[PDB]
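Structural overview
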Amino acid sequence: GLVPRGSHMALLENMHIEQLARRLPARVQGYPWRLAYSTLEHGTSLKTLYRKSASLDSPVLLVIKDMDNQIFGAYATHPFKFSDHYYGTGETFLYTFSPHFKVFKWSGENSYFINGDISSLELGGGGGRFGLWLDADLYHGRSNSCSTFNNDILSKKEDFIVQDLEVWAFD
């Protein structure tokens, strides 16, 4: 029940982080998670997130801490990359620890799982709505309810600012 070595998300160990590990697919259950990208350690930009993810042979966990110290993110079946079309598959889900742990799994309504653009990263879709959105600097973020996951707003408000962001891998 510990965050990866070198992670700065140690606040999760007091939020019962095993709630998230239990929601991982049995595919990756039992595999230790490791820190693949950290904004504090490796710099903050969407480009660096893509570059740090290019060598991952594993699904990933996106862990975001906003300026209200609320922690949330996503489990992606595919490492985050630039593409000209949506990717990711049915095991992709969103999660939040605010105000308590909640998971938002695939609803089967659409397959708008992940969209990695040059200037934004994006999860969830349907009617032009985004479940989770991050700008090119991984600074301004947004979270709405989307049909892909039937999620709640992951943080206190729709808009948030990234205080710290990490990507964990299992390979």
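- What the deposited record gives as its method is X-ray crystallography, and the resolution it gives is 2.20 Å.

Some points on the nonpolar core
- Counting 31 residues, the largest nonpolar core has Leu49, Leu62, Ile64, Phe80, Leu132, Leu165 and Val167 as the members making the most contacts within it.
- Residue assignment for this core shows that the elements contributing at least two residues are β1 (34-38), α3 (46-53), β2 (60-66), β3 (71-76), β7 (120-123), β8 (132-135) and β10 (159-169).
- Discounting chain neighbours no more than four positions away, the residues touching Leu165 are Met9, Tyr37, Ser38, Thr39, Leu49, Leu62, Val63, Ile64, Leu134 and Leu138.
- Judged by nonpolar contacts, the second largest core, of 19 residues, contains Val3, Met9, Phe93 and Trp168.

Regarding the pairing of β1
- With four of five residues buried, β1 is to be regarded as a mostly interior element.
- The pairing of β1 with β10 spans four bridges and is classified as antiparallel. Its bridge partner lying in β10, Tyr37 is registered against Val167.

Quick word on the pairing of β10
- Where burial is concerned, most of β10 is hidden: eight out of the 11 residues are buried.
- Strand direction decides the pairing type here: strand β9 (residues 140-142) and β10, joined by three bridges, are antiparallel. Each bridged residue has a counterpart across the sheet, and for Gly141 the counterpart in β10 is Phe160.

Procedures and definitions
The scheme used for residues numbers each chain from 1 in its written sequence order. That scheme is not guaranteed to match the entry numbering, and residues without coordinates are omitted from view. Hydrogens and water molecules were not included; the side-chain quantities draw on all heavy atoms of the structure. For our purposes a nonpolar core is just a set of buried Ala, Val, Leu, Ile, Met, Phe, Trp, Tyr and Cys residues, chained together by side-chain atoms within 4.5 Å. Relative accessibility under 20% of the residue-type maximum defines a buried residue, over 50% an exposed one, and the middle range a partly exposed one, all with a 1.4 Å probe and only protein chains included. Put simply, DSSP marks the helices as runs of H or I at least four residues long and the strands as runs of E at least two long, and each gets a number from the N terminus on. The criterion used for residue contact is that any of the two residues' heavy atoms lie within 4.5 Å. Any two strands between which DSSP finds at least two bridges are classified as paired.

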